[PDB]
Amino acid sequence: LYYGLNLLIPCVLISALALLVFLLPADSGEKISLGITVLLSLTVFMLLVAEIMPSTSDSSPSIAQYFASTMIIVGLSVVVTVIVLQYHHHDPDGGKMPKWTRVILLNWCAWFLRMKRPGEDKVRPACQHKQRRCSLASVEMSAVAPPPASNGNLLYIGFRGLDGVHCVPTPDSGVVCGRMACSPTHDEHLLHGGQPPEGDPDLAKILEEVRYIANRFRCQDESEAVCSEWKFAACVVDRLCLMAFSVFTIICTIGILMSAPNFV
Amino acid sequence: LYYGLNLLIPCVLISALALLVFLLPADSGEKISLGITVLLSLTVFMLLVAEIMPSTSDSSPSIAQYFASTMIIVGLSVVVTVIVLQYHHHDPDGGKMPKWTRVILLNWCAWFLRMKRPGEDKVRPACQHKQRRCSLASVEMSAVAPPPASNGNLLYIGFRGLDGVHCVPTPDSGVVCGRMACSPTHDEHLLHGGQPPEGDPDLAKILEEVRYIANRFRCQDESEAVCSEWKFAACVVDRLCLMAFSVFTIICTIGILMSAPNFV
Amino acid sequence: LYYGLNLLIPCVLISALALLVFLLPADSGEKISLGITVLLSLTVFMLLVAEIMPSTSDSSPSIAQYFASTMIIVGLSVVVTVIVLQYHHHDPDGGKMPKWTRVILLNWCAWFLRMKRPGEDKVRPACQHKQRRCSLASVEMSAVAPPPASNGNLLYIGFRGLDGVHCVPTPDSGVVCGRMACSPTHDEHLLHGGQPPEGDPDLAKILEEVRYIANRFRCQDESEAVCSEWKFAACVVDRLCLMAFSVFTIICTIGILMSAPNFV
Amino acid sequence: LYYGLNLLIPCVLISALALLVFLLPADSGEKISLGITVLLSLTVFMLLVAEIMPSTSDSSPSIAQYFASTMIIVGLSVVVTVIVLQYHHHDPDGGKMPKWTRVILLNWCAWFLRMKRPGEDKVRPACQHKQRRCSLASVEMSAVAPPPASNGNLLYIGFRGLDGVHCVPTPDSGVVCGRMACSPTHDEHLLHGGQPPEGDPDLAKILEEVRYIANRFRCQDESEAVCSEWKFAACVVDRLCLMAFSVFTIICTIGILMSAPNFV
Amino acid sequence: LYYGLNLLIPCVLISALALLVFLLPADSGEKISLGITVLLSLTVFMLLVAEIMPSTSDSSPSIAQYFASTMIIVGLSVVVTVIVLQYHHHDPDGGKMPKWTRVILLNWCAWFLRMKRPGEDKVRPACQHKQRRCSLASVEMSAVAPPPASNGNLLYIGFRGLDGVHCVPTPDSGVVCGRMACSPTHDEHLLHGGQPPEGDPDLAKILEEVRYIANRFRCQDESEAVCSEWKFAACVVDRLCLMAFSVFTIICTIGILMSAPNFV
Ligand SMILES: CC[C@H](C)[C@H]1O[C@]2(CC[C@@H]1C)C[C@@H]1C[C@@H](C/C=C(\C)[C@@H](O[C@H]3C[C@H](OC)[C@@H](O[C@H]4C[C@H](OC)[C@@H](O)[C@H](C)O4)[C@H](C)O3)[C@@H](C)/C=C/C=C3\CO[C@@H]4[C@H](O)C(C)=C[C@@H](C(=O)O1)[C@]34O)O2
Ligand SMILES: CC[C@H](C)[C@H]1O[C@]2(CC[C@@H]1C)C[C@@H]1C[C@@H](C/C=C(\C)[C@@H](O[C@H]3C[C@H](OC)[C@@H](O[C@H]4C[C@H](OC)[C@@H](O)[C@H](C)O4)[C@H](C)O3)[C@@H](C)/C=C/C=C3\CO[C@@H]4[C@H](O)C(C)=C[C@@H](C(=O)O1)[C@]34O)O2
Ligand SMILES: CC[C@H](C)[C@H]1O[C@]2(CC[C@@H]1C)C[C@@H]1C[C@@H](C/C=C(\C)[C@@H](O[C@H]3C[C@H](OC)[C@@H](O[C@H]4C[C@H](OC)[C@@H](O)[C@H](C)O4)[C@H](C)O3)[C@@H](C)/C=C/C=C3\CO[C@@H]4[C@H](O)C(C)=C[C@@H](C(=O)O1)[C@]34O)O2
Ligand SMILES: CC[C@H](C)[C@H]1O[C@]2(CC[C@@H]1C)C[C@@H]1C[C@@H](C/C=C(\C)[C@@H](O[C@H]3C[C@H](OC)[C@@H](O[C@H]4C[C@H](OC)[C@@H](O)[C@H](C)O4)[C@H](C)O3)[C@@H](C)/C=C/C=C3\CO[C@@H]4[C@H](O)C(C)=C[C@@H](C(=O)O1)[C@]34O)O2
Ligand SMILES: CC[C@H](C)[C@H]1O[C@]2(CC[C@@H]1C)C[C@@H]1C[C@@H](C/C=C(\C)[C@@H](O[C@H]3C[C@H](OC)[C@@H](O[C@H]4C[C@H](OC)[C@@H](O)[C@H](C)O4)[C@H](C)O3)[C@@H](C)/C=C/C=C3\CO[C@@H]4[C@H](O)C(C)=C[C@@H](C(=O)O1)[C@]34O)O2
């Protein structure tokens, strides 16, 4: 098959090259460029088949259907990568502003490690002991702090006190002025050798400027987390479309091997 | 319709792909690249129709008119994205320097949440109570501070005092030297245990350098606001042209379905 | 005119699209990309006219002359944008190193607000009063400080003292040690309660490191001014060529409307 | 050989140009752009050979196979450069997340200076003296610190103490409170002239903010090391494929010079 | 000459456009993009000449030789710009790691101002006085500091002391403890009014963190010097190839004007 080895083989190769675009990180600035070349290569080989196809009036050759399916996968791949830029900015005038989908996306992003589907939800250790039970710590519906861990749960309790123990220690523990744990024990006359405890009020003003500089850097780290939160929502879309297009790509290959004996 | 399923179908798909360019944020550096490919793909199919069209002398086929309208939408899409770069820089030698349009653009940008048109101006809660009334706070024509809020109104009063209460507290409240609210009560002999209140004049000099570093970082945050202000003015242009070109795109599709029975 | 409404029309549109390149800021990194597409689109339509033109031996059709003029404007537009990168770097091994043209460019850049040509030099307020007179302040040929203003003249006197009043106050004003203006009045025994005026020599060392960090940030702001100075010299080149190419573009359009009745 | 000097010559030149892509650093953002042009040029020359090849039904000319090998080398070069972006991000949702290959890659990266293969493992100084012997310092399997050196071994012991001598000096050396080496010799009454050793508790708070700013900058240097660690793993892939494709390129060239006498 | 004014003219124009690539700074990120378009435009015109050239078996027209020289100049221009990226990173796994050429390149870079060739070495002031003589200061082969100047020689002596006078003042000048030049004159009892000279040991710890932050910024300035050092080595390559290709371009133009009367 001269036409089956120079025109059908590139059809699956072009679609297969688009699958790599769905396995790349959302932070890649050159990802959109790669997807453009895939669509460009399809048009180069599409013109050759146009001349072969007879110029009829209402009889559309079945070869055009195969190219349409391939173009949709390649065309949608570029659009999918373009949508990634919206998440990185989410501008009020344009982007993924509606939050009704962000909550759903966040749950899907956290399902990558433990998918709710039977593929991973059921294929995992299971027992009737306390390892799979529930308690007050696990159920945070009543404003219960999550179990401390190294994944970021400790930081949410300490750093993100939210007018809590970190900022305002409402519980009267009696440690600041009732214990010698690096603090005076109700010692109201603890002077700095006859001078006020603070050697210079100017130091407090310097701390405000220094703290603001440190606070601005802290916001930069938090800004990256916000960008990372949108980054995760951008990679799942590529992964979600990778599986959806995988079935379509397989179907197209099957159709070619199944329709050739009847037409070709 | 052999030519209708291979040449007319991409005509509306190419114009539809340009609509996504109008829904992207102005901060996307690769937005211009996406629009270039849309125009490039139109030229590939335009050459094929040229051979089909008879080489006449003064009889212009109606098919060329459709391509002109399609190219205008695609061509203007790239131009619109190019204009976005002007707002991000607004260089004195080139860009949107004239401010007579900036004021109008600012009002339009703020209308996204509450459009002045009947679509959103009239479709909203309305009552004759004080919720829809006016007072001194709402009317800021007489240099009246706006109602404090979390949207940035509090910062304009406190941080942006403009030689006001923050910088020069003209009102004689008698708190700095007439109250014990973290300040002496007319205590001119409040010495630091016999020493001057300031332990070292060098600390003040350090504060000036530290404050300048913090001030420079503050200007960077304000610079982003200026860029954000121009960013909003850039996204509205894309959104404004999206609706304008939507009607034209629909008209072109209607014309094809209405002119084919008479010509095709 | 089948070929006049399909081939001649894009000829002036392609040249008009290059005019937008000359109205963009010099800081746009994607400006060069836009100019490339303009030249690429001209080649697509150029090949079509090649077949139409008879393959003669020494008879060059007049249509080729129009394409040469159009390509020069489009070709020079890309080169002009390429030259912009040289100003942003001005590397010793390559760029606009010779300063004999920088001085002339600086004067031209400052003429944008008040052009020396009669278009703006003569069209402006004029009177015989002191508003248009000259004095010592205006004439800075004898090392006279310019009149203080908010455009940056005050900063050149204060911040850029250059071993002047800011750094070395040569005039014996008798204020530091002869007035109570935030300084001792010749009080050589003004001790810090029996201790040296400086509470710790280590604070001076910290100031040097803090000052260096602040000084480095100051140089970054000055570096932007140097880039801005080259940025202005880059935008004038685009603006200068915009007017020059505007006349050529008009001439080409006139020639087509004037040569067609004799040839076409 | 009219077709050998116009079509066969560029075949090896196109593949040779792809070798430079594998010799570029992984931090180059324009590396992917260079590889795109190489594939684009191959397609331009491939269309010319299509017309020459007779349009048979099932007799595929052997020239097609030669182009397939060249396309694989050029096609895979772009894919290899695309994979580099995955290492720079290694996002959890996409990239080189599995660490089972990272350990192997790290060993390969360190083999560049001293390859385990006989080419460099055997071609090097060898002796039976202590220079090639092993001891406790060389064998770090029992948590033995590596021999201090300037390659980064000293920093791993001092800076990266990991609750060791740098942080918690468990060994009772008796130097802090038992020696005059810039510390008191069990002097519990060493007061600051009657005042506490610390002149102001506010200084400790300032150090925490200053230390955090310095610590954040330290993490930036460590972040570059992590990026450099992935950078090394990205360059070896280019180098690893450079040798593999070199043999294939040589084979393709030999085939042309060996098959031409039988076919051409 | 119908083909001489339509096909030969762009041949020299395409090669001339590549000369601008060799006059651009090495820091231009879009320099590689410009060179790609030059090669792309050559292929458009190359295909047209292919049809004109008769399809012979072993008779290669001389027109192909002219295109080969043009393609080499244009092809090498892109490669030269690609090599620039290698110098900016010089990764151990890829780049200009061998230093045997860096020393030679450094000497060539410094020859731009005063070329060793007779063009500039001989065309310059020359006299037998001490201006062109040599002394100990000029000859630094015996670890002699170079004459201090504003070109960067003073900083190498003071800032880059290398355990010298800046760090360890070995010469016993007797100024720190033997002169009143801002230091005690052997005054071992110079206390801070009865207190230790240092008011707080915590200030020393703060200086270490502040110094590290300043030191890191100093390394960034030194990092740019390393990049600038590689930048100079990258611009000379472009300049070196500019002169080499200038002769070849002139030869190609001469050949066309010399071979046309015999062939054309
Ligand atoms: C695995 C294929 C994918 C697409 C891979 O292709 C690559 C790598 C990338 C993909 C992963 C590239 C590809 C070559 C393939 C490897 C294949 C071959 C070298 C040859 O074919 C094989 C398989 C083929 O049977 C599928 C088989 O025919 C038999 C069995 C069939 O019954 C199942 C039967 O009907 C048939 C009658 O007899 C055949 C004998 O032998 C070779 C024939 C294919 C060459 C294809 C290239 C030649 O010019 C083309 C052009 O330049 C283009 C644009 C892409 C090239 C390409 O795409 O080249 C190209 O189309 O690898
Ligand atoms: C919603 C359509 C848009 C264009 C979508 O297109 C895509 C996705 C993107 C758009 C959202 C891509 C498109 C396919 C379409 C889906 C359509 C089909 C698979 C087929 O058509 C449908 C609809 C069509 O009736 C509009 C209908 O005809 C009937 C009803 C008509 O009366 C209303 C009547 O007159 C007519 C006589 O009988 C038909 C039977 O069935 C299929 C025929 C279309 C194939 C088109 C592709 C084939 O090679 C082309 C080439 O490669 C190119 C450059 C783009 C491709 C494409 O553009 O492919 C391509 O042109 O989806
Ligand atoms: C204002 C024109 C500029 C170029 C603008 O063009 C755009 C916007 C961009 C520019 C600012 C794009 C352009 C359409 C125009 C608007 C014009 C029309 C829709 C029609 O034309 C008008 C004007 C024309 O008279 C100049 C007039 O003819 C009359 C008067 C003449 O005497 C002065 C006389 O001699 C003549 C015999 O009868 C005509 C009847 O009606 C429409 C007919 C033009 C179609 C455009 C062409 C179709 O495919 C061409 C090309 O393959 C491509 C890539 C794009 C098209 C285009 O270029 O589309 C294209 O070239 O707007
Ligand atoms: C200085 C030339 C360089 C290439 C410059 O070209 C540009 C600017 C860039 C370069 C610096 C661009 C160029 C135009 C030139 C300026 C030249 C003209 C407007 C005309 O030509 C002149 C010179 C020519 O004699 C060299 C002369 O012929 C005479 C003397 C010859 O004896 C020496 C003799 O043999 C001959 C028989 O009669 C001629 C009469 O008059 C104009 C006629 C040239 C048209 C240009 C061509 C038209 O489409 C071509 C190509 O498809 C394309 C893409 C661009 C065009 C171009 O290349 O346009 C193109 O190739 O400027
Ligand atoms: C080292 C070659 C590589 C490809 C280098 O090519 C470059 C530089 C880049 C590579 C490193 C580019 C190349 C030219 C070559 C230098 C070669 C020549 C100027 C000529 O050829 C040589 C070698 C050739 O023998 C291999 C030899 O034939 C002999 C010996 C053969 O027996 C071994 C025997 O069978 C045969 C019958 O008689 C020949 C006489 O003399 C010249 C003839 C080739 C020119 C080719 C160019 C001309 O238009 C072409 C077009 O534009 C294209 C797309 C690429 C060009 C190119 O590719 O140009 C081009 O195809 O250098």
# chains A, B, ... in the order shown; residues from 1 in each chain; ligands from 1
$ interface_residues --of "chain B" --to "chain C" --cutoff "7 Å" --atoms "only C-alpha atoms" --output "JSON, numbers by chain"
{"B": [56, 57, 58, 59, 60, 85, 86, 89, 91, 93, 94, 95, 194, 195, 196, 199, 200, 202, 206, 209, 213]}
$ calpha_fit_and_write --fixed "chain D" --moving "chain B" --output "compact mmCIF listing (two decimals) with C-alpha atoms, in the first residue's frame"
# COMPACT_ATOMS: atom_id res chain seq x y z
CA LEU B 1 23.93 12.32 -9.84
CA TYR B 2 21.74 15.38 -10.37
CA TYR B 3 19.40 14.34 -7.55
CA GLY B 4 22.28 13.21 -5.35
CA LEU B 5 23.79 16.69 -5.07
CA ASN B 6 20.47 18.45 -4.39
CA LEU B 7 18.35 15.95 -2.44
CA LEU B 8 20.72 13.42 -0.86
CA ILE B 9 23.21 16.04 0.39
CA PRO B 10 20.63 17.93 2.53
CA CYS B 11 19.48 14.59 3.96
CA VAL B 12 22.67 14.23 6.02
CA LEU B 13 23.05 17.98 6.60
CA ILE B 14 19.59 18.18 8.19
CA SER B 15 20.42 15.29 10.53
CA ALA B 16 23.82 16.83 11.30
CA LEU B 17 22.20 20.14 12.30
CA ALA B 18 20.15 18.29 14.93
CA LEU B 19 23.39 17.17 16.59
CA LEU B 20 24.05 20.74 17.75
CA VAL B 21 20.76 20.68 19.68
CA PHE B 22 22.18 17.82 21.77
CA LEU B 23 25.29 19.87 22.69
CA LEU B 24 23.42 22.86 24.19
CA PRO B 25 22.76 23.53 27.88
CA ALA B 26 19.38 22.68 29.36
CA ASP B 27 18.88 26.30 30.51
CA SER B 28 18.51 27.59 26.93
CA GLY B 29 14.93 28.76 26.46
CA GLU B 30 15.34 29.01 22.67
CA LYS B 31 16.72 25.47 22.25
CA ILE B 32 13.27 24.13 21.34
CA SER B 33 12.90 26.85 18.70
CA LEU B 34 16.10 25.78 16.95
CA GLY B 35 14.97 22.16 16.71
CA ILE B 36 11.64 23.17 15.17
CA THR B 37 13.35 24.80 12.19
CA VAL B 38 15.36 21.63 11.51
CA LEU B 39 12.17 19.61 11.06
CA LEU B 40 10.51 22.37 9.01
CA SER B 41 13.36 22.42 6.48
CA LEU B 42 13.04 18.66 5.97
CA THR B 43 9.40 18.98 4.90
CA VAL B 44 10.28 21.52 2.19
CA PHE B 45 12.61 19.05 0.47
CA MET B 46 10.39 16.04 1.26
CA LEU B 47 7.57 17.37 -0.93
CA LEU B 48 9.86 17.66 -3.96
CA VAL B 49 10.83 13.98 -3.77
CA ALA B 50 7.16 12.98 -3.52
CA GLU B 51 6.47 14.09 -7.10
CA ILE B 52 9.57 12.30 -8.40
CA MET B 53 8.56 9.02 -6.74
CA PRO B 54 6.09 7.17 -9.01
CA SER B 55 2.56 6.93 -7.61
CA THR B 56 2.43 3.15 -7.26
CA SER B 57 -0.03 0.98 -5.29
CA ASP B 58 2.14 -1.33 -3.16
CA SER B 59 5.74 -0.63 -4.28
CA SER B 60 7.36 1.68 -1.73
CA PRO B 61 10.54 3.30 -3.11
CA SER B 62 13.66 2.85 -1.00
CA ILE B 63 14.12 6.63 -0.89
CA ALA B 64 11.21 6.91 1.56
CA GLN B 65 13.01 4.66 4.05
CA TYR B 66 15.92 7.12 4.27
CA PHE B 67 13.55 9.99 5.05
CA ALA B 68 11.88 7.97 7.82
CA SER B 69 15.20 7.38 9.58
CA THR B 70 16.23 11.02 9.13
CA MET B 71 12.90 12.29 10.49
CA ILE B 72 13.17 10.03 13.55
CA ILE B 73 16.46 11.62 14.60
CA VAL B 74 15.13 15.12 13.91
CA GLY B 75 11.72 14.35 15.42
CA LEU B 76 13.23 12.84 18.56
CA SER B 77 15.54 15.85 18.95
CA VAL B 78 12.55 18.14 19.52
CA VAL B 79 10.98 15.61 21.89
CA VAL B 80 14.21 15.34 23.90
CA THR B 81 14.37 19.13 24.30
CA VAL B 82 10.69 19.12 25.31
CA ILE B 83 11.41 16.56 28.05
CA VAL B 84 13.99 18.97 29.49
CA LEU B 85 11.19 21.28 30.63
CA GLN B 86 9.73 18.44 32.71
CA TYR B 87 12.90 18.13 34.79
CA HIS B 88 13.02 21.88 35.48
CA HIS B 89 9.54 21.69 37.07
CA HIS B 90 8.85 18.03 37.98
CA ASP B 91 5.28 18.95 38.85
CA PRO B 92 3.43 16.30 40.89
CA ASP B 93 0.70 16.11 38.22
CA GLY B 94 3.23 15.82 35.39
CA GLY B 95 6.97 15.34 34.92
CA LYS B 96 9.72 13.05 36.17
CA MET B 97 8.07 12.42 39.53
CA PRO B 98 9.20 8.78 39.95
CA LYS B 99 12.48 8.89 41.87
CA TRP B 100 13.56 5.35 40.94
CA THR B 101 15.24 6.83 37.85
CA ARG B 102 16.56 9.98 39.54
CA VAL B 103 19.06 7.97 41.59
CA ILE B 104 20.33 6.22 38.46
CA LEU B 105 20.50 9.55 36.63
CA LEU B 106 22.51 11.10 39.46
CA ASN B 107 25.14 8.35 39.22
CA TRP B 108 25.33 8.82 35.44
CA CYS B 109 25.71 12.59 35.85
CA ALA B 110 28.66 12.13 38.21
CA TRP B 111 30.26 9.72 35.70
CA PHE B 112 30.92 12.50 33.18
CA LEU B 113 34.24 13.37 34.83
CA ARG B 114 35.13 9.70 35.52
CA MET B 115 33.10 7.39 33.29
CA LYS B 116 32.70 3.84 34.58
CA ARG B 117 33.25 2.53 31.05
CA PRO B 118 36.73 1.33 30.02
CA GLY B 119 37.19 4.48 27.93
CA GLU B 120 37.84 6.52 31.08
CA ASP B 121 37.67 4.04 33.98
CA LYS B 122 40.73 2.16 32.70
CA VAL B 123 42.51 5.11 31.03
CA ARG B 124 43.66 6.83 34.21
CA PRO B 125 46.43 6.59 36.82
CA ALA B 126 46.45 3.31 38.74
CA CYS B 127 48.68 2.06 41.55
CA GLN B 128 48.66 -0.35 44.49
CA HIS B 129 49.62 2.34 47.03
CA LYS B 130 47.22 4.05 49.45
CA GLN B 131 46.05 6.42 46.69
CA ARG B 132 43.69 3.70 45.40
CA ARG B 133 42.93 2.10 48.78
CA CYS B 134 39.81 2.43 50.94
CA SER B 135 39.33 3.48 54.56
CA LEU B 136 36.60 4.63 56.94
CA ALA B 137 36.50 8.13 55.43
CA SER B 138 35.90 6.84 51.90
CA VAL B 139 33.22 4.36 53.03
CA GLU B 140 30.27 6.47 54.22
CA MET B 141 27.85 3.53 54.55
CA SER B 142 28.02 3.82 58.37
CA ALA B 143 27.11 7.54 58.52
CA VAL B 144 30.75 8.63 58.16
CA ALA B 145 31.41 12.20 57.07
CA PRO B 146 33.21 12.34 53.69
CA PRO B 147 36.74 13.79 53.48
CA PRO B 148 36.43 17.59 53.64
CA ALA B 149 37.20 19.30 50.34
CA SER B 150 36.43 22.42 48.32
CA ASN B 151 33.91 20.61 46.09
CA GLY B 152 31.10 20.98 48.66
CA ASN B 153 31.98 18.32 51.22
CA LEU B 154 32.90 20.86 53.91
CA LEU B 155 29.57 22.66 53.50
CA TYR B 156 27.60 19.43 53.99
CA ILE B 157 29.27 18.93 57.39
CA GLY B 158 29.23 22.50 58.71
CA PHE B 159 26.25 24.24 57.13
CA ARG B 160 24.13 21.08 56.91
CA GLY B 161 24.76 19.97 60.48
CA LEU B 162 21.32 18.34 60.74
CA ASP B 163 21.04 18.73 64.52
CA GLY B 164 24.76 18.01 64.80
CA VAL B 165 27.82 19.91 66.00
CA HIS B 166 26.70 23.07 64.19
CA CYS B 167 23.31 23.14 65.95
CA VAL B 168 23.59 20.93 69.05
CA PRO B 169 27.23 20.30 70.09
CA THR B 170 26.58 17.15 72.09
CA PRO B 171 30.28 16.44 72.87
CA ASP B 172 31.19 18.15 76.16
CA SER B 173 34.29 19.95 74.93
CA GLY B 174 34.20 22.41 77.83
CA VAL B 175 35.08 25.40 75.65
CA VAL B 176 31.97 27.60 75.87
CA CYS B 177 32.09 27.67 79.69
CA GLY B 178 35.55 26.18 80.27
CA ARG B 179 37.88 28.23 78.08
CA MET B 180 38.66 31.86 77.26
CA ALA B 181 38.25 31.25 73.50
CA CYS B 182 35.95 34.22 72.85
CA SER B 183 33.60 33.00 75.60
CA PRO B 184 33.39 33.28 79.40
CA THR B 185 35.18 30.67 81.51
CA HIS B 186 32.27 29.65 83.74
CA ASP B 187 31.66 33.35 84.46
CA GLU B 188 28.00 33.48 85.47
CA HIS B 189 28.39 37.06 86.81
CA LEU B 190 29.65 38.58 83.53
CA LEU B 191 27.25 41.52 83.39
CA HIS B 192 27.28 44.45 80.96
CA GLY B 193 28.53 46.92 83.55
CA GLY B 194 25.70 46.10 85.95
CA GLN B 195 23.09 45.68 83.20
CA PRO B 196 21.85 42.47 81.56
CA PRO B 197 24.09 41.09 78.79
CA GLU B 198 21.46 41.99 76.17
CA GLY B 199 21.01 45.75 75.86
CA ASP B 200 17.55 45.42 74.31
CA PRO B 201 15.24 42.41 73.77
CA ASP B 202 13.93 44.13 70.63
CA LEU B 203 17.22 43.30 68.90
CA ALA B 204 16.47 39.58 69.10
CA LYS B 205 13.10 40.11 67.40
CA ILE B 206 14.78 42.09 64.61
CA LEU B 207 17.24 39.22 64.12
CA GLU B 208 14.38 36.77 63.53
CA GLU B 209 13.02 38.92 60.70
CA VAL B 210 16.51 39.59 59.33
CA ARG B 211 17.40 35.90 59.62
CA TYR B 212 14.20 34.91 57.81
CA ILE B 213 15.06 37.27 54.94
CA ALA B 214 18.56 35.80 54.81
CA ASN B 215 17.13 32.29 55.15
CA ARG B 216 14.78 32.90 52.22
CA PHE B 217 17.75 34.01 50.12
CA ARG B 218 19.62 30.89 51.24
CA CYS B 219 16.70 28.77 50.02
CA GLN B 220 16.94 30.55 46.66
CA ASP B 221 20.56 29.42 46.37
CA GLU B 222 19.47 25.92 47.38
CA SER B 223 16.62 26.12 44.86
CA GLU B 224 19.19 26.79 42.13
CA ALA B 225 21.07 23.68 43.27
CA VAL B 226 17.86 21.66 42.88
CA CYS B 227 17.40 23.19 39.43
CA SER B 228 21.08 22.53 38.73
CA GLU B 229 20.60 18.92 39.86
CA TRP B 230 17.76 18.59 37.36
CA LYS B 231 19.80 20.58 34.83
CA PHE B 232 22.56 17.97 34.98
CA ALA B 233 19.99 15.20 34.51
CA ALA B 234 18.71 17.08 31.44
CA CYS B 235 22.10 17.57 29.76
CA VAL B 236 23.04 13.89 30.08
CA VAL B 237 19.90 12.93 28.14
CA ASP B 238 21.00 15.19 25.28
CA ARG B 239 24.54 13.80 25.47
CA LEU B 240 23.27 10.22 25.82
CA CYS B 241 21.15 10.56 22.67
CA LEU B 242 23.99 12.32 20.81
CA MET B 243 26.12 9.16 20.78
CA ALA B 244 23.14 6.90 20.08
CA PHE B 245 22.02 9.00 17.10
CA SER B 246 25.61 9.41 15.88
CA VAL B 247 25.79 5.72 14.99
CA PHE B 248 22.39 5.85 13.28
CA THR B 249 23.42 8.92 11.27
CA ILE B 250 26.61 7.16 10.14
CA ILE B 251 24.61 4.06 9.19
CA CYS B 252 22.22 6.13 7.07
CA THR B 253 25.13 7.74 5.21
CA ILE B 254 26.73 4.34 4.64
CA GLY B 255 23.46 2.91 3.34
CA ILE B 256 23.12 5.67 0.75
CA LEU B 257 26.67 5.07 -0.50
CA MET B 258 26.03 1.29 -0.46
CA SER B 259 22.50 1.16 -1.92
CA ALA B 260 23.00 3.69 -4.73
CA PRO B 261 25.14 1.35 -6.91
CA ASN B 262 22.36 -1.27 -6.77
CA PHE B 263 19.33 1.05 -7.11
CA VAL B 264 20.66 4.39 -8.35
$ select_by_dssp --residues "stretch 49-191 of chain E" --states "alpha helix (DSSP H)" --output "MDAnalysis selection string"
chainID E and resid 49:52 63:89 100:110 118:121 153:158
